[PDB]
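Taking it in order: structure first as structure tokens, then the write-up.
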Amino acid sequence: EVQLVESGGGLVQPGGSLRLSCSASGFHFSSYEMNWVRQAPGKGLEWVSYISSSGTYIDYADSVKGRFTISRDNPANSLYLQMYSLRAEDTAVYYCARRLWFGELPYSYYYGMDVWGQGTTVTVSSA
Amino acid sequence: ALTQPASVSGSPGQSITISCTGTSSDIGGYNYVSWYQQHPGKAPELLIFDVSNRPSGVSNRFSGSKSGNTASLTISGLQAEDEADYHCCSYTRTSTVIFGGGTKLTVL
Amino acid sequence: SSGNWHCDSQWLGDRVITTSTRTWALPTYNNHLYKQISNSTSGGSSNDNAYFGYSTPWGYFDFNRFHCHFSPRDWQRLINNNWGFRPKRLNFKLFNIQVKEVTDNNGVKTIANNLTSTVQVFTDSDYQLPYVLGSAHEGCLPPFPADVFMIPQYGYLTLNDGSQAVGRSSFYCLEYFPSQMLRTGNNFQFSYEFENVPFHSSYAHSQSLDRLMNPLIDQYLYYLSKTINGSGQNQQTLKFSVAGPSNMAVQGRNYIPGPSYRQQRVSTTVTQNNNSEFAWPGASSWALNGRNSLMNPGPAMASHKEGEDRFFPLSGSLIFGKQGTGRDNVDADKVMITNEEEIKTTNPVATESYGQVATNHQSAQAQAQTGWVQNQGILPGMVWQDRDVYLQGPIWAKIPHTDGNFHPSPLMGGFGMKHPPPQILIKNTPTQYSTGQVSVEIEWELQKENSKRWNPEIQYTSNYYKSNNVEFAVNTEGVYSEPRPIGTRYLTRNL
Amino acid sequence: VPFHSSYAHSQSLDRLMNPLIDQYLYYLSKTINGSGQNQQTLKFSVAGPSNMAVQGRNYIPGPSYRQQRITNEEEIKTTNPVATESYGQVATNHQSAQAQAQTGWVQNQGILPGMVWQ
Amino acid sequence: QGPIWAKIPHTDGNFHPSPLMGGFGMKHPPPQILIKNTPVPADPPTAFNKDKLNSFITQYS
Amino acid sequence: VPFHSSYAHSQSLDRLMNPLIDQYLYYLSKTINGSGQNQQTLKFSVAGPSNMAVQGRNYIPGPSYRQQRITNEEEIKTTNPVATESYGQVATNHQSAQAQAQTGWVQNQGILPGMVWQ
């Protein structure tokens with residue numbers, strides 16, 4: 745009954761902007777991290793950014809770094825990725841995913857991503 | 019990133035193994051790896067987290083190993099369901115994660 | 284036989300009986316001698332590391348860590364269902380003593396029973412020797428009963444100026460104290476009664492120190508809201524308002540959080556840390572007789588603010604280590620770092636300032652100026668929690684015998700005692716060694732959980748996911764391991 | 128009233144350890160791996176006899192109020208701080224990649240738990 | 003005008019428990035006394051509905 | 128030995144349920160929204176007096192060994208299966224998108240925990 749479903753957006757122009765949003769339902773959203781990863785149509789997964797539950801740590805893999813931001817509203821159970829200065833180097837299915845958590849006390853970390861979003865397709869094309 | 023083969027094939031019934039090799043910051047030093055099966059147009063599903071640890075939903079036939087500077091997924095008893103693209107994920111030294119090119123498994 | 288094998292725990296009402304039986308092997312240390320030891324032999328390149336003292340041939344028994352007395356299960360059982368605990372009685376038996384003598388001709392040695400050898404073992408109940416148990420050293424009985432251990436070598440440190448002694452230094456002869464002598468038909472038992480100690484607090488406060496208020500009512504007290512009416516000259520004015528749920532920062536509170544000594548902040552993501560060698564220069568440290576010394580662990584303080592888990596106070600933690608960990612320059616994930624955050628309600632965070640204070644007096648020509656309070660010691664009206672005790676941590680430490688002290692509870696946590704369990708010294712008789720059994724027993728009194736809380740507690744639990752090995756258990760090769768440091772604060776009380 | 132303490136301690140507050148044995152506690156030894164750029168790395172090491180400055184201690188030296196630098200109290204220098212010297216240091220900021228760690232001297236100090244003094 | 007007693011937060015340690023707002027700090031201060039009007043519903047419906055009853059006679063005591 | 132029963136049961140085992148109120152249990156109701164391709168869904172409804180056949184019951188009728196279809200036993204049919212009828216059904220397969228659910232009839236049923244019979 746754990747459901748990550750993101751609306752996001754479709755086709756957009758190069759140099760333009762886009763705002764992807766996600767919706768966490770069925771699990772406590774405020775505890776977990778959340779990740780944005782993208783799969784270009786013919787290529788494997790690539791991790792764009794992650795955001796901590798409290799929002800203290802927001803880190804970007806450097807391809808995008810500087811052109812996107814990430815935000816999460818814990819009372820609204822919604823993760824946001826807003827992006828500017830899009831390139832064709834960014835066209836992918838973007839996933840809303842979260843990392844493993846087991847509900848324990850602090851200083852406990854688990855490496856892997858437990859639940860995944862069904863995805864949203866983003867097409868950045870000039871024509 | 020993490021280098022793993024383009025594709026792997028096996029005959030039904032027999033166990034086969036995919037590997038993904040990485041630098042000492044990605045894998046050799048840190049014990050972070052994890053494995054995902056994906057089917058076309060489906061969100062990835064986690065198989066193995068940490069090295070050998072496995073989630074409750076995932077089946078028996080999937081195990082994991084780290085021989086050092088390398089990480090490997092061993093699938094046992096291949097079926098038709100097992101056809102999918104297997105991904106390798108490991109948080110790095112700077113705590114930013116990286117993947118690998120994906121590997122398609124073709125059951126003959 | 285001179286004694287039986289007892290290991291188990293009995294749960295009766297509020298009492299716990301912890302029975303451990305271990306098997307030890309003691310060699311001969313110092314070739315039957317006393318020896319000066321100092322820094323200069325090992326090279327003594329630091330004035331802070333300068334020491335002088337004596338290593339003695341004897342060994343000693345140390346049970347001062349918890350994992351000795353409590354199986355991981357009975358620890359879990361204790362933590363989930365209890366609000367406090369403390370030791371009552373102590374019962375120690377030495378039996379099945381054996382002494383092996385070594386003969387090596389060229390390559391291969393042959394070890395044969397020597398029946399007439401004696402073992403010298405005494406207990407110092409007047410605390411006449413130097414007492415090294417409260418320092419959290421190695422050599423305690425192994426957590427897992429099947430493992431056999433090498434009894435530590437005793438030693439002590441007396442006063443020094445650099446490596447050289449002074450006339451007020453002392454030399455203690457462990458041969459000077461009357462000691463029962465045991466052969467393979469002898470067994471040594473004594474008992475001990477624990478002095479009055481407070482129950483360890485093993486709960487996390489449900490409410491913080493600043494939220495004690497009722498959210499629905501205003502206070503009758505008043506605070507200063509506004510010092511000017513608006514933009515311009517001569518706006519000086521005095522405005523006041525009720526302290527109420529709207530602004531809770533300002534409500535008058537009976538109690539205030541405890542002491543603080545600020546620790547530097549280290550991140551477990553190495554790229555957020557500064558690119559410099561700040562490990563020694565950066566860390567807090569207290570100085571004594573011209574010798575610098577680190578502040579470790581320090582006053583009991585929350586490890587980090589709520590929601591920030593990659594930060595740990597530089598020197599201010601109890602950092603255990605995983606099974607197999609190297610001795611020197613081990614990577615950060617080879618060690619286990621405890622966090623005290625459960626106290627963060629009552630106690631300030633270790634990496635943050637305790638508050639601010641006002642430096643100057645305002646006038647028309649001066650702005651009200653404030654400054655950061657880095658270290659703030661006890662003020663009347665403070666409340667705080669001590670540091671937690673862990674399955675892997677010390678139990679007690681000896682309160683130094685001094686003019687005075689405040690809050691004798693030891694800063695690594697556990698039960699401070701003026702007359703702790705005495706030291707037990709042992710040796711072979713003056714190439715030979717001994718082996719034997721130990722059975723130690725403590726009786727623990729419990730504080731039962733009274734709560735009326737409606738919704739369920741946090742409990743300690745073993746996580747539900749398939750793994751190669753069961754945790755708190757042997758691997759395939761036989762090596763027992765403890766996966767993580769288990770504190771005791773789980774259930775909850777009101778503040 | 129308690130008995131007057133007419134004696135000088137054989138040992139010093141910080142030397143109460145057993146000199147032959149390692150602790151099971153680790154301390155933070157090396158924070159930068161090597162000279163260069165992006166070299167931050169966290170290594171630890173076993174607190175023990177080799178470096179005794181860093182051992183974790185159950186008790187600390189008592190309070191201090193600094194003096195400017197004739198009976199003399201130097202017998203109690205074992206458990207008590209020196210009047211003409213600083214109590215210690217405290218970190219004055221959060222370090223980060225941008226800013227180096229800083230410390231300052233504790234000129235006066237109040238009671239904390241675990242202080243013993245003469 | 004001011005308070006009489008306070009409750010000491012149950013803790014490992016405190017110093018000079020006297021509450022900073024004055025009066026007598028205590029470990030077992032005088033009990034709390036809690037009181038309410040026992041709810042009497044309005045007229046319930048004529049066939050059973052598992053929902054709790056949200057309509058009540060206005061009352062105060 | 129037990130007292131022989133010369134009487135007839137007032138009600139059948141399945142008629143024990145109270146007619147007036149709803150259970151708090153739910154049961155699977157619709158497996159598809161509507162007719163067509165890719166309509167799968169799961170809709171859970173309450174077992175209640177409207178449809179009694181689906182309600183949770185605590186007991187089942189006695190064992191049956193089917194005769195082919197004079198003192199007659201029609202008294203006992205409250206708790207006992209009809210001799211000339213099957214005990215019931217069991218599902219024989221795993222459904223999937225590629226296979227329909229199948230079932231078969233029980234010609235002979237042995238004791239199961241929670242049976243009652245005359």
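Chains as they are written, first to last, in the working numbering: chain A, 745 to 871; chain B, 19 to 126; chain C, 284 to 778; chain D, 128 to 245; chain E, 3 to 63; chain F, 128 to 245.
Each residue gets a CB set at the ideal place from its N, CA and C atoms; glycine is no exception.
The alpha helix (DSSP H) with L20 of chain B in it runs from where to where? Per DSSP, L20 of chain B belongs to no alpha helix (DSSP H) and is neither H nor E.
Kindly indicate the opening and closing residues of the beta strand (DSSP E) around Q668 of chain C. Careful: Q668 of chain C lies outside any beta strand (DSSP E) and carries neither H nor E.
With 8 Å as the threshold, decide whether the Cβ of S734 of chain C is near any Cβ in chain D. Not an interface residue.
So which residues of chain E does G535 of chain C contact, with C-beta pairs closer than 7 Å? Among the residues of chain E, those whose CB is under 7 Å from the CB of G535 of chain C are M23, following chain order.
Do the segment 132–151 of chain D and the segment 425–441 of chain C make contact, defined as three or more Cβ pairs closer than 8 Å? As far as the Cβ criterion goes, the segment 132–151 of chain D touches the segment 425–441 of chain C, which means the pair count is three or higher.
Might you give, ordered along the chain, the residues of its own chain that have their beta carbon closer than 7 Å to the beta carbon of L504 of chain C, omitting 5 neighbours on each side? Excluding the 5 residues flanking it on each side, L504 of chain C has same chain C-beta neighbours closer than 7 Å at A526, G535, in chain order.
Continuous alpha helix (DSSP H) assignments of at least 4 residues falling wholly in the segment 152–214 of chain F: Correct list: empty.
Does chain C have any CB closer than 8 Å to the CB of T865 of chain A? With 8 Å as the cut-off, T865 of chain A does not count as an interface residue toward chain C.
Residue from C:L729, C:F755, C:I707 whose Cα sits closest to the Cα of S408 of chain C: Restricting attention to C:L729, C:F755, C:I707, the CA atom closest to the CA of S408 of chain C is found in C:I707.
Alpha carbons only, please: which of F:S223, F:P208, F:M144 is nearest the one belonging to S177 of chain F? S177 of chain F has its Cα closest to that of F:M144, out of F:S223, F:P208, F:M144.
Quick one: grab the DSSP three-state call for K735 of chain C. If DSSP states are grouped into helix, strand and coil, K735 of chain C belongs with coil.
Please name the residue or residues paired with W655 of chain C in a DSSP beta bridge. The partner list for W655 of chain C (beta bridge, DSSP) reads C:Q639.
Counting only C-beta atoms, is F773 of chain A closer than 8 Å to chain C at any point? Chain C contact via Cβ: absent.
Relative to the alpha-carbon of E625 of chain C, which residue among C:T714, C:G607, C:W667, C:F335 has its alpha-carbon at the smallest distance? Nearest Cα to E625 of chain C within the set C:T714, C:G607, C:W667, C:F335: C:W667.
Alpha carbon to alpha carbon, how far is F368 of chain C from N87 of chain B? Give it in angstroms, no decimals. Straight through space, the alpha carbons of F368 of chain C and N87 of chain B are spaced by roughly 47 Å.
What whole-angstrom Cβ distance do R193 of chain F and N235 of chain F have, given they're in contact under 8 Å? 7 Å between Cβ atoms; contact.
Could you check whether the Cβ of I45 of chain B sits closer than 8 Å to any Cβ belonging to chain A? Output row for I45 of chain B: interface = no.
Proximity winner among D:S223, D:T219, D:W232, relative to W655 of chain C (alpha-carbon distances): Out of D:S223, D:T219, D:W232, D:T219 has the C-alpha closest to the C-alpha of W655 of chain C.
Could you list the residues in the segment 289–317 of chain C with a C-beta less than 8 Å from some C-beta on chain B, going in chain order? Interface annotation for the segment 289–317 of chain C against chain B: empty, criterion Cβ-Cβ distance under 8 Å.
With 8 Å as the threshold, decide whether the Cβ of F171 of chain D is near any Cβ in chain C. Yes, its Cβ sits closer than 8 Å to a Cβ of chain C.
Leaving out five residues before and five after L789 of chain A in sequence, what residues of the same chain have Cβ atoms less than 7 Å from its Cβ? So the list reads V781, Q783, once near-sequence residues are dropped.
Give the secondary structure of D444 of chain C by DSSP, where H, G and I count as helix, E and B as strand, and everything else as coil. When DSSP states are grouped into helix, strand and coil, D444 of chain C belongs to the strand group.
Which word fits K731 of chain C, buried or exposed, when buried means at least 16 other C-beta atoms lie within 10 angstroms of its C-beta? Exposed, because fewer than 16 other Cβ atoms sit within 10 Å of the Cβ of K731 of chain C.
So does the segment 330–345 of chain C actually touch the segment 755–768 of chain C, counting three or more Cβ pairs closer than 8 Å? In short, these stretches do not touch, since the Cβ pair count stays below three.
Counted within 10 angstroms of its Cβ, other Cβ atoms place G799 of chain A as buried (16 or more) or exposed: Counting the other CB atoms within 10 Å of its CB gives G799 of chain A a total below 16, which places it among the exposed residues.
Return the residues of the segment 107–118 of chain B that lie within a Cβ-Cβ distance of less than 8 Å from chain C, sorted by chain order. Those residues of the segment 107–118 of chain B that come within reach of chain C (Cβ to Cβ, closer than 8 Å) are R111, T112, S113.
Along chain I, in chain order, which residues have C-beta atoms closer than 7 Å to that of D669 of chain C? Judged by its chain identifiers, the structure shown contains no chain I, and its protein chains are A, B, C, D, E and F.
Taking 8 Å as the CB-CB cut-off, is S793 of chain A touching chain C? So no, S793 of chain A is outside the interface.
Hey, is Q747 of chain A's beta-carbon within less than 8 Å of any beta-carbon in chain B? For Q747 of chain A, the closest Cβ of chain B is not nearer than 8 Å.
If the cut is a Cβ gap below 9 Å, which residues of chain A does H105 of chain B touch? Going along chain A in sequence order, the residues near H105 of chain B (Cβ under 9 Å) are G788, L789.
For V125 of chain B and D100 of chain B, what's the separation of their Cα atoms in angstroms? Roughly 8 Å between the two C-alpha positions.
Chain-order list of residues whose beta-carbon lies under 8 Å from that of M665 of chain C (same chain, five-residue window excluded): Same-chain partners within the cutoff: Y538, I539, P540, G541, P542.
Close Cβ partners of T551 of chain C (< 6 Å) along its chain, the five nearest in sequence each way excluded: Answer for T551 of chain C: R593, listed in chain order.
Is there a Cβ of chain D sitting closer than 8 Å to that of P768 of chain C, yes or no? Judged by the 8 Å Cβ criterion, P768 of chain C is not in contact with chain D.
At a Cβ cut of 7 Å, what residues of the segment 391–421 of chain C count as close to chain A, listed as they run along the chain? Listed in sequence order: no entries.
Check this for me: beta carbons of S37 of chain B and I93 of chain B, under 8 Å apart or not? Not closer than 8 Å, so no.
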